[PDB]
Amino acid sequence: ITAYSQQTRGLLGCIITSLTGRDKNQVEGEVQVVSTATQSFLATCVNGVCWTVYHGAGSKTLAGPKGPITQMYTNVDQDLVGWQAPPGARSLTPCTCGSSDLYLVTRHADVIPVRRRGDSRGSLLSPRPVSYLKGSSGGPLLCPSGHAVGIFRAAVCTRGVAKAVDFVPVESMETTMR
């Protein structure tokens, strides 16, 4: 798979849109790159709901077209958080295929192949340094077909090297939505 980044705001608009809570912009793509006053990470739409990680969003609202949107979900122990998908918001469809051949699409549009080492981890065939991953938590983990199989939670580091990663299984997002 392949993907590309597309900036939609600068500091002055993040700011203004952070205080008025209302985002008057057309949402597009499936994974958005979001920001707060002290952080930027990713958020992806699976099953009509914008999921992100708790250590990023926390419990804040998501600026939206009619005003701020309130969290639909909040699994602090699972590090998961979600908002109902505002108008449009292309949504990746859950997995199906159980392919150990995962795909981590980083915050800079970089796609890196990951081998599912199980229920909630995936080894990197090409062990990049841990910092490469900064600002990419919340991003999706696909399988050759373009299906969502998780949300990047954290890189399992060792001596500063990101040998593998930890993702919330899409099955766990589903359990939540139940």
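Sequential numbering from 1, following the sequence displayed.
Q: May I ask you to compare 49-57 and 145-153 by their mean CA B factor in the entry and name the higher one?
A: Of 145-153 and 49-57, the stretch with the higher C-alpha B-factor average is 145-153.
Q: Which has higher Cα B-factors on average according to the PDB entry: 116-124 or 129-137?
A: Comparing 129-137 with 116-124, the higher average CA B-factor belongs to 116-124.
Q: Of the three thirds of its chain by CA temperature factor, lowest, middle or highest, which one includes residue 5?
A: Middle third by C-alpha B-factor.
Q: Once the chain's modelled residues are ordered by C-alpha B factor and cut into thirds, is residue 161 in the lowest, middle or highest one?
A: It falls in the top third of the chain.
Q: Ordered by C-alpha B-factor within the chain, which third holds residue 102? Give me lowest, middle or highest, please.
A: As the PDB entry reports it, the C-alpha B-factor of residue 102 lands in the highest third of its chain.
Q: What third of its chain's C-alpha B-factors does residue 71 belong to: lowest, middle or highest?
A: Its C-alpha B-factor belongs to the lowest third of this chain's values.
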